[PDB]
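Working notes for the structure below.
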Amino acid sequence: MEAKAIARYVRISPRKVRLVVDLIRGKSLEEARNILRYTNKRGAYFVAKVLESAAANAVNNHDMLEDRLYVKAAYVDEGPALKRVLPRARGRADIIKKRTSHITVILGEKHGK
Amino acid sequence: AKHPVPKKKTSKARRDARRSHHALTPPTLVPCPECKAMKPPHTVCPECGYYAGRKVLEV
Amino acid sequence: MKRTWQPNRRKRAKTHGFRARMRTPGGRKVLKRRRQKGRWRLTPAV
Amino acid sequence: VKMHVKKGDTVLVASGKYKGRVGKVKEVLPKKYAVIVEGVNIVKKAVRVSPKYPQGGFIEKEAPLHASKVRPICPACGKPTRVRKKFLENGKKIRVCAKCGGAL
RNA sequence: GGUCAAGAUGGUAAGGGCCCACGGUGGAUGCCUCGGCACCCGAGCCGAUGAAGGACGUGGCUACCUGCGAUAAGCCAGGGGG
RNA sequence: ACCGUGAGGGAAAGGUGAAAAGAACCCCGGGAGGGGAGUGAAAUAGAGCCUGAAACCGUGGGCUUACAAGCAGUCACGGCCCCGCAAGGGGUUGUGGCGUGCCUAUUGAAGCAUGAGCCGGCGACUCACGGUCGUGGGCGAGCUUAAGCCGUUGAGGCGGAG
RNA sequence: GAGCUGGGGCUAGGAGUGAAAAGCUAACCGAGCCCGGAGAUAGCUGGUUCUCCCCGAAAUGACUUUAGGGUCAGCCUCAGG
RNA sequence: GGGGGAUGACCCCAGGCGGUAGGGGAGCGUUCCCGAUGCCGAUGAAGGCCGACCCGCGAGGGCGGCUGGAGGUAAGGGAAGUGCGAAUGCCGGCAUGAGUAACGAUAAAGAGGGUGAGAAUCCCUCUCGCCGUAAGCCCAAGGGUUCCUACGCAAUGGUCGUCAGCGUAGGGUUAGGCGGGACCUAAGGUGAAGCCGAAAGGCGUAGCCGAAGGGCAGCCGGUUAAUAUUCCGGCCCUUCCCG
RNA sequence: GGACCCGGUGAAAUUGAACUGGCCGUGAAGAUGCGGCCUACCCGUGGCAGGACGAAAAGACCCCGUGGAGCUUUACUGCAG
Ligand SMILES: [Mg+2]
Ligand SMILES: [Mg+2]
Ligand SMILES: [Mg+2]
Ligand SMILES: [Mg+2]
Ligand SMILES: [Mg+2]
Ligand SMILES: [Mg+2]
Ligand SMILES: [Mg+2]
Ligand SMILES: [Mg+2]
Ligand SMILES: [Mg+2]
Ligand SMILES: [Mg+2]
Ligand SMILES: [Mg+2]
Ligand SMILES: [Mg+2]
Ligand SMILES: [Mg+2]
Ligand SMILES: [Mg+2]
Ligand SMILES: [Mg+2]
Ligand SMILES: [Mg+2]
Ligand SMILES: [Mg+2]
Ligand SMILES: [Mg+2]
Ligand SMILES: [Mg+2]
Ligand SMILES: [Mg+2]
Ligand SMILES: [Mg+2]
Ligand SMILES: [Mg+2]
Ligand SMILES: [Mg+2]
Ligand SMILES: [Mg+2]
Ligand SMILES: [Mg+2]
Ligand SMILES: [Mg+2]
Ligand SMILES: [Mg+2]
Ligand SMILES: [Mg+2]
Ligand SMILES: [Mg+2]
Ligand SMILES: [Mg+2]
Ligand SMILES: [Mg+2]
Ligand SMILES: [Mg+2]
Ligand SMILES: [Mg+2]
Ligand SMILES: [Mg+2]
Ligand SMILES: [Mg+2]
Ligand SMILES: [Mg+2]
Ligand SMILES: [Mg+2]
Ligand SMILES: [Mg+2]
Ligand SMILES: [Mg+2]
Ligand SMILES: [Mg+2]
Ligand SMILES: [Mg+2]
Ligand SMILES: [Mg+2]
Ligand SMILES: [Mg+2]
Ligand SMILES: [Mg+2]
Ligand SMILES: [Mg+2]
Ligand SMILES: [Mg+2]
Ligand SMILES: [Mg+2]
Ligand SMILES: [Mg+2]
Ligand SMILES: [Mg+2]
Ligand SMILES: [Mg+2]
Ligand SMILES: [Mg+2]
Ligand SMILES: [Mg+2]
Ligand SMILES: [Mg+2]
Ligand SMILES: [Mg+2]
Ligand SMILES: [Mg+2]
Ligand SMILES: [Mg+2]
Ligand SMILES: [Mg+2]
Ligand SMILES: [Mg+2]
Ligand SMILES: [Mg+2]
Ligand SMILES: [Mg+2]
Ligand SMILES: [Mg+2]
Ligand SMILES: [Mg+2]
Ligand SMILES: [Mg+2]
Ligand SMILES: [Mg+2]
Ligand SMILES: [Mg+2]
Ligand SMILES: [Mg+2]
Ligand SMILES: [Mg+2]
Ligand SMILES: [Mg+2]
Ligand SMILES: [Mg+2]
Ligand SMILES: [Mg+2]
Ligand SMILES: [Mg+2]
Ligand SMILES: [Mg+2]
Ligand SMILES: [Mg+2]
Ligand SMILES: [Mg+2]
Ligand SMILES: [Mg+2]
Ligand SMILES: [Mg+2]
Ligand SMILES: [Mg+2]
Ligand SMILES: [Mg+2]
Ligand SMILES: [Mg+2]
Ligand SMILES: [Mg+2]
Ligand SMILES: [Mg+2]
Ligand SMILES: [Mg+2]
Ligand SMILES: [Mg+2]
Ligand SMILES: [Mg+2]
Ligand SMILES: [Mg+2]
Ligand SMILES: [Mg+2]
Ligand SMILES: [Mg+2]
Ligand SMILES: [Mg+2]
Ligand SMILES: [Mg+2]
Ligand SMILES: [Mg+2]
Ligand SMILES: [Mg+2]
Ligand SMILES: [Mg+2]
Ligand SMILES: [Mg+2]
Ligand SMILES: [Mg+2]
Ligand SMILES: [Mg+2]
Ligand SMILES: [Mg+2]
Ligand SMILES: [Mg+2]
Ligand SMILES: [Mg+2]
Ligand SMILES: [Mg+2]
Ligand SMILES: [Mg+2]
Ligand SMILES: [Mg+2]
Ligand SMILES: [Mg+2]
Ligand SMILES: [Mg+2]
Ligand SMILES: [Mg+2]
Ligand SMILES: [Mg+2]
Ligand SMILES: [Mg+2]
Ligand SMILES: [Mg+2]
Ligand SMILES: [Mg+2]
Ligand SMILES: [Zn+2]
């Protein structure tokens, strides 16, 4: 049995946030909790929020037992891009993309036999 | 200056090769001498900090 | 530095305004045109 | 919007889930070409905690049905289409089943 | 068993390739249409009795469209219709 | 809309479902979002809604790679993984042999000559009336109607001026 | 001071204005911009999209305001003899 | 090509078969029509995704499985907006460069406390710095709700935001004297009369229109979250009408 | 003050695809890509600018076009005057 939370349309760049997701993958939820608080990146916040919403979803929904949990799977996909004009010298005008992330934490019960 | 430019779009292989150093490393962490939780060393705990002086108060 | 648009409300109505247009055969046709196209504004505003 | 059946009428449901079941047309919606024949084609709507039934989660109401889905009953059996007799002075509906008035 | 000189082969992936699976992104493709297009009929002027086209208004609550004009999402009468 | 002082220029953008039955209520959360519950024939039909291709990005798995050097393939054998009763096949690639991108323009281009970041859509030998050959048929010292006229579930026929 | 400047005005496309640079005339003026003639014309450059089968050239002559374009001839092809 | 005489498709035999410009010949596929009031179809149309399978020289056609949910359309013929890889093509989408340059004046910051889910960035205090013929204040253009206040942070803000010139909603602009008009004329403009011009239209004395100029009567203070020579207080004045 | 490091935000020209070394040769005559030989473990960061005939701009010079425009005159032909 396994539980999952997915944040969608998070306004952040995937490359940036995908980096801290790497940081906690296959970790017991208790270390994963520890790391993200003391990891210095903006995307630590957002990921911890998903981790949690998936911890809750474990015990409260799928009958999981919190102290047995670790991170089975996790990843961030790329939602649609916010495109804004950025005006430039000699009247040029580029377009910057404010990118968007779909964050996914998947939880599992450590074998705990 | 004549404004240099990349000559060939760089390949997936080569950019991801570029990135092979870019992985983060987890924060180095020690158990706090009193409280249940974890703290990074040579620091005062977010919660109930120290002994020899007045710590920031979660006490 | 001093640019080309120097808005002055008197000049605008006196130049592209409805009564300007109706004086000159040329101008009258700009109205006839703008109407036949179905423009929402036959003439600029001020 | 020519229709056929009206509010008073007694109609049969000719097709679908509720096929077979006579009831009375509760209301008639010419804009949608739909009749509401309760009790028939009931459904579960969820609802919030605002006033009456604050505590109440759900409410069973009944859906409209496409007007073509039903037929007037004809106080003999299961049919007809209908016809129109003028006579004197004017106006009508007449069961062609046959042959009856159409009452209320 | 294990000291010891030569030979010799194996796992290892920071990262990367190809294959497979499952997704994200994106909106091609098929189907749908009450919009368009062509021909053929039909029909063909309006205006100082203030036209065409507008402005500003007009709803118990009303941003916009539609309608309508201070009688303002409408007033009177005839025909229709149920 | 937007762009232009103005005349003027001038886009994008359609689809849940048979029916809103458009997801009460609970859980994480500041909201967003998700997870149960529920609805539904179906919910990767959940409103950033039919189908949902490709470039592109990501997770997981198999094979491989840190003393080799290259238009990236190809021919051979061998290793490892998969499928199969077998002989057999699919994947991957260690070594060995061979190997100068596509198109365009040129006497001649891998060319250090043009074009192209990649993918998906759109994108260029037509039509009328004459002509001139050929071909399939009708009639043949003849052949053939035009306008129009009658007639017609998309029915034809008449008409000999030329 | 042949000064600078606000407000109101007039002059324009072979036309204006110019203490004259062919300057300026709404951010490119040896002839403004817009819409139209209009799909002007382009002996030039580029591009021209499925598959299989047979044959298979020329880059020479003559004339050409012709020379990187044509017309006739030559060389390819297909049908009948 | 020559036999076999099926009158050719079938069978032997024998030869030819590199190819650009280009000529010839066979086919494949796409959209539509007849075939069709038919046939296939929810026991699943078109389209999609796989196949190591079958047929075809090839373009293709089959078949099987998954997806998909309402269309499809034989044999045989007809008609064309019929096949893309290139045009610095057109339209869209998404990459590379790259977590790179940059984040817009070198006037300059620091701490405490508050608020809040969250604070370098919001509020208050103290300290420090900068402008001061301004980088302060008042008017005209021009802009047009940006004003004041309550709630708010998706986006806009080059970071952040609890803040805002941003979203929602409510409120706010008070004049006989200030500015303009029921006054004047200026350049110009328009124009009875008049004149000229194929048409359109061009001119023109009077008049009329036209202003930051001429003419004309309000000064000081208080008040609101937001207006004040406009409301209020006090002190003054103008023009019309009628006695 | 930048540049460098960390946290936040995050462009651009360019880009056939790349698994993109040196020499002596060869080749459309100036080779990362062909031959022979030499050299070379995989991947980055800060730096220099010699090469990719580096980017940009369908060379402005030059010639071609029976292309265009401005200008001249005792070129031709007209028109105003
Ligand atoms: Mg700049
Ligand atoms: Mg600018
Ligand atoms: Mg310089
Ligand atoms: Mg100045
Ligand atoms: Mg402008
Ligand atoms: Mg003014
Ligand atoms: Mg309108
Ligand atoms: Mg009937
Ligand atoms: Mg790794
Ligand atoms: Mg999607
Ligand atoms: Mg009207
Ligand atoms: Mg209205
Ligand atoms: Mg009536
Ligand atoms: Mg009546
Ligand atoms: Mg009646
Ligand atoms: Mg405008
Ligand atoms: Mg929710
Ligand atoms: Mg169910
Ligand atoms: Mg779900
Ligand atoms: Mg699906
Ligand atoms: Mg679906
Ligand atoms: Mg989408
Ligand atoms: Mg549907
Ligand atoms: Mg979908
Ligand atoms: Mg995809
Ligand atoms: Mg992988
Ligand atoms: Mg060695
Ligand atoms: Mg090795
Ligand atoms: Mg290498
Ligand atoms: Mg090899
Ligand atoms: Mg080319
Ligand atoms: Mg060339
Ligand atoms: Mg050449
Ligand atoms: Mg040459
Ligand atoms: Mg090249
Ligand atoms: Mg090259
Ligand atoms: Mg070159
Ligand atoms: Mg060239
Ligand atoms: Mg394409
Ligand atoms: Mg086409
Ligand atoms: Mg012909
Ligand atoms: Mg013929
Ligand atoms: Mg014949
Ligand atoms: Mg005859
Ligand atoms: Mg002046
Ligand atoms: Mg002026
Ligand atoms: Mg001119
Ligand atoms: Mg001067
Ligand atoms: Mg302009
Ligand atoms: Mg200029
Ligand atoms: Mg000229
Ligand atoms: Mg052209
Ligand atoms: Mg012409
Ligand atoms: Mg010419
Ligand atoms: Mg042309
Ligand atoms: Mg040959
Ligand atoms: Mg020649
Ligand atoms: Mg030529
Ligand atoms: Mg010839
Ligand atoms: Mg043979
Ligand atoms: Mg051949
Ligand atoms: Mg059947
Ligand atoms: Mg079809
Ligand atoms: Mg299904
Ligand atoms: Mg299918
Ligand atoms: Mg075409
Ligand atoms: Mg091509
Ligand atoms: Mg270019
Ligand atoms: Mg593009
Ligand atoms: Mg880009
Ligand atoms: Mg990048
Ligand atoms: Mg940084
Ligand atoms: Mg760099
Ligand atoms: Mg740097
Ligand atoms: Mg920097
Ligand atoms: Mg700054
Ligand atoms: Mg607090
Ligand atoms: Mg001073
Ligand atoms: Mg103003
Ligand atoms: Mg503005
Ligand atoms: Mg404010
Ligand atoms: Mg507030
Ligand atoms: Mg915000
Ligand atoms: Mg922001
Ligand atoms: Mg506001
Ligand atoms: Mg006046
Ligand atoms: Mg005049
Ligand atoms: Mg005058
Ligand atoms: Mg006057
Ligand atoms: Mg005045
Ligand atoms: Mg005055
Ligand atoms: Mg006054
Ligand atoms: Mg005062
Ligand atoms: Mg104020
Ligand atoms: Mg005021
Ligand atoms: Mg007073
Ligand atoms: Mg060399
Ligand atoms: Mg090679
Ligand atoms: Mg070779
Ligand atoms: Mg070499
Ligand atoms: Mg470097
Ligand atoms: Mg260099
Ligand atoms: Mg440099
Ligand atoms: Mg150089
Ligand atoms: Mg150039
Ligand atoms: Mg050139
Ligand atoms: Mg020059
Ligand atoms: Mg010439
Ligand atoms: Zn009956």
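Naming works like this for the structure tokens: A, B, ... for the chains as they're shown, residue 1 at the start of each chain, ligands 1 onward in shown order.
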
Considering only C-alpha atoms (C1' of nucleotides) and all ligand atoms, give me a table of residues in chain H that are at most 9 Å from ligand 88, with the closest atom pair and distance in Å for each, as a tab-separated table.
residue	atom	partner	partner_atom_place_in_ligand_line	distance
H:188	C1'	ligand 88	1 (Mg)	8.7
H:189	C1'	ligand 88	1 (Mg)	8.1
H:190	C1'	ligand 88	1 (Mg)	8.2
H:191	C1'	ligand 88	1 (Mg)	8.3
H:204	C1'	ligand 88	1 (Mg)	7.5
H:205	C1'	ligand 88	1 (Mg)	8.6

For chain A, which residues have at least one atom within 12 Å of chain H, if we go by only C-alpha atoms (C1' of nucleotides)? Write them as an MDAnalysis selection string, please.
chainID A and resid 9:11 13:17 19 42 45 80:89 96 98

Could you list, as a ChimeraX atom specification, all residues that come within 8 Å of ligand 103? Count only C-alpha atoms (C1' of nucleotides) and all ligand atoms.
/B:1 /I:48-49

Residues of chain B near chain E: apply a cut-off of 10 Å, count only C-alpha atoms (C1' of nucleotides), and supply the list as JSON, numbers by chain.
{"B": [12, 13, 14, 16, 17, 18, 19, 20, 21, 23]}

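Across the structure, CA of residue 110 in chain A and CA of residue 68 in chain A are spaced 5.4 Å apart.
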
Would you mind listing, as a VMD selection string, all residues of chain I that have at least one atom within 9 Å of chain A, where only C-alpha atoms (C1' of nucleotides) are what counts?
chain I and resid 7 to 8 10 to 12

Generate the output file for the selected residues, N, CA, C and O atoms (P, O5', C5', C4', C3', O3' and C1' of nucleotides), as a PDB file, in the first residue's frame.
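Just written: result39.pdb:
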ATOM      1  P     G I   7      23.082  28.699  -3.503  1.00  0.00           P
ATOM      2  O5'   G I   7      22.098  29.710  -2.766  1.00  0.00           O
ATOM      3  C5'   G I   7      21.265  29.316  -1.689  1.00  0.00           C
ATOM      4  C4'   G I   7      20.271  30.405  -1.396  1.00  0.00           C
ATOM      5  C3'   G I   7      19.332  30.795  -2.525  1.00  0.00           C
ATOM      6  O3'   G I   7      18.242  29.901  -2.726  1.00  0.00           O
ATOM      7  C1'   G I   7      20.215  32.749  -1.499  1.00  0.00           C
ATOM      8  P     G I   8      17.563  29.772  -4.182  1.00  0.00           P
ATOM      9  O5'   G I   8      16.974  31.222  -4.475  1.00  0.00           O
ATOM     10  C5'   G I   8      15.851  31.666  -3.752  1.00  0.00           C
ATOM     11  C4'   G I   8      15.295  32.981  -4.235  1.00  0.00           C
ATOM     12  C3'   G I   8      14.964  33.127  -5.704  1.00  0.00           C
ATOM     13  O3'   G I   8      13.784  32.456  -6.081  1.00  0.00           O
ATOM     14  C1'   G I   8      16.022  35.082  -4.939  1.00  0.00           C
ATOM     15  P     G I  10      12.194  32.715 -12.540  1.00  0.00           P
ATOM     16  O5'   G I  10      13.132  33.187 -13.737  1.00  0.00           O
ATOM     17  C5'   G I  10      12.815  34.381 -14.450  1.00  0.00           C
ATOM     18  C4'   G I  10      13.996  34.920 -15.214  1.00  0.00           C
ATOM     19  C3'   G I  10      14.593  33.961 -16.216  1.00  0.00           C
ATOM     20  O3'   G I  10      13.872  33.986 -17.435  1.00  0.00           O
ATOM     21  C1'   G I  10      16.316  34.897 -14.894  1.00  0.00           C
ATOM     22  P     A I  11      14.218  32.943 -18.600  1.00  0.00           P
ATOM     23  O5'   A I  11      15.509  33.603 -19.252  1.00  0.00           O
ATOM     24  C5'   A I  11      15.674  33.721 -20.656  1.00  0.00           C
ATOM     25  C4'   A I  11      15.638  35.159 -21.091  1.00  0.00           C
ATOM     26  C3'   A I  11      16.247  35.413 -22.446  1.00  0.00           C
ATOM     27  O3'   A I  11      15.303  35.237 -23.492  1.00  0.00           O
ATOM     28  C1'   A I  11      17.239  36.840 -20.877  1.00  0.00           C
ATOM     29  P     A I  12      15.683  34.380 -24.793  1.00  0.00           P
ATOM     30  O5'   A I  12      16.801  35.290 -25.455  1.00  0.00           O
ATOM     31  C5'   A I  12      16.518  36.649 -25.782  1.00  0.00           C
ATOM     32  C4'   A I  12      17.689  37.252 -26.492  1.00  0.00           C
ATOM     33  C3'   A I  12      18.265  36.349 -27.569  1.00  0.00           C
ATOM     34  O3'   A I  12      17.665  36.601 -28.830  1.00  0.00           O
ATOM     35  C1'   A I  12      19.987  37.116 -26.123  1.00  0.00           C
TER      36        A I  12
END

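Within 6 Å of chain I, and counting only C-alpha atoms (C1' of nucleotides), chain B contributes residues 5, 6, 8 and 9 of chain B.
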
Create the file for the chosen residues now, containing N, CA, C and O atoms and written as a tab-separated table (two decimals), in the first residue's frame.
chain	number	residue	atom	x	y	z
B	5	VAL	N	29.25	34.04	-30.24
B	5	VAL	CA	27.97	33.36	-30.28
B	5	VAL	C	28.17	31.81	-30.25
B	5	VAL	O	29.19	31.28	-30.75
B	6	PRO	N	27.22	31.05	-29.66
B	6	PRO	CA	27.55	29.61	-29.70
B	6	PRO	C	27.40	29.09	-31.14
B	6	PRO	O	26.49	29.49	-31.85
B	8	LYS	N	27.15	25.88	-32.33
B	8	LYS	CA	26.37	24.67	-32.54
B	8	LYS	C	25.48	24.50	-31.35
B	8	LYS	O	26.04	24.42	-30.25
B	9	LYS	N	24.17	24.37	-31.52
B	9	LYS	CA	23.28	24.09	-30.38
B	9	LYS	C	23.87	22.95	-29.57
B	9	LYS	O	24.28	21.95	-30.13

List every residue of range 13-58 of chain B that DSSP, applied to the backbone, labels as strand (DSSP E), and write the result as an MDAnalysis selection string.
chainID B and resid 30:31 38:39

Residues from last step as file, N, CA and C atoms, as a PDB file, in the first residue's frame:
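What landed in selection09.pdb:
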ATOM      1  N   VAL B  30      23.579  17.251  13.525  1.00  0.00           N
ATOM      2  CA  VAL B  30      23.899  16.600  14.786  1.00  0.00           C
ATOM      3  C   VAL B  30      22.640  16.616  15.674  1.00  0.00           C
ATOM      4  N   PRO B  31      22.474  15.601  16.548  1.00  0.00           N
ATOM      5  CA  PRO B  31      21.394  15.640  17.540  1.00  0.00           C
ATOM      6  C   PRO B  31      21.633  16.705  18.600  1.00  0.00           C
ATOM      7  N   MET B  38      16.920  17.553  15.718  1.00  0.00           N
ATOM      8  CA  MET B  38      18.188  17.728  15.041  1.00  0.00           C
ATOM      9  C   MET B  38      18.552  19.196  14.844  1.00  0.00           C
ATOM     10  N   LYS B  39      19.831  19.504  15.011  1.00  0.00           N
ATOM     11  CA  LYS B  39      20.342  20.850  14.766  1.00  0.00           C
ATOM     12  C   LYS B  39      21.719  20.784  14.081  1.00  0.00           C
TER      13      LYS B  39
END

Contacts of residue 58 in chain G within 12 Å, only C-alpha atoms (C1' of nucleotides), excl. fewer than 5 positions in-chain, as a PyMOL selection string
(chain G and resi 74-76) or (chain H and resi 20-22)

Can you write out the residues you just picked, keeping C-alpha atoms (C1' of nucleotides), as a PDB file, in the first residue's frame?
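For reference, result19.pdb as written:
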ATOM      1  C1'   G G  74      22.524  19.095 -83.919  1.00  0.00           C
ATOM      2  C1'   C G  75      22.317  15.311 -80.033  1.00  0.00           C
ATOM      3  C1'   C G  76      17.328  12.225 -76.135  1.00  0.00           C
TER       4        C G  76
ATOM      5  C1'   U H  20      21.813  13.954 -64.156  1.00  0.00           C
ATOM      6  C1'   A H  21      18.674  17.323 -67.811  1.00  0.00           C
ATOM      7  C1'   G H  22      14.763  14.955 -70.166  1.00  0.00           C
TER       8        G H  22
END

Once you count only C-alpha atoms (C1' of nucleotides), which residues of chain C turn out to be within 10 Å of chain G? Could you give them as a VMD selection string?
chain C and resid 3 to 5
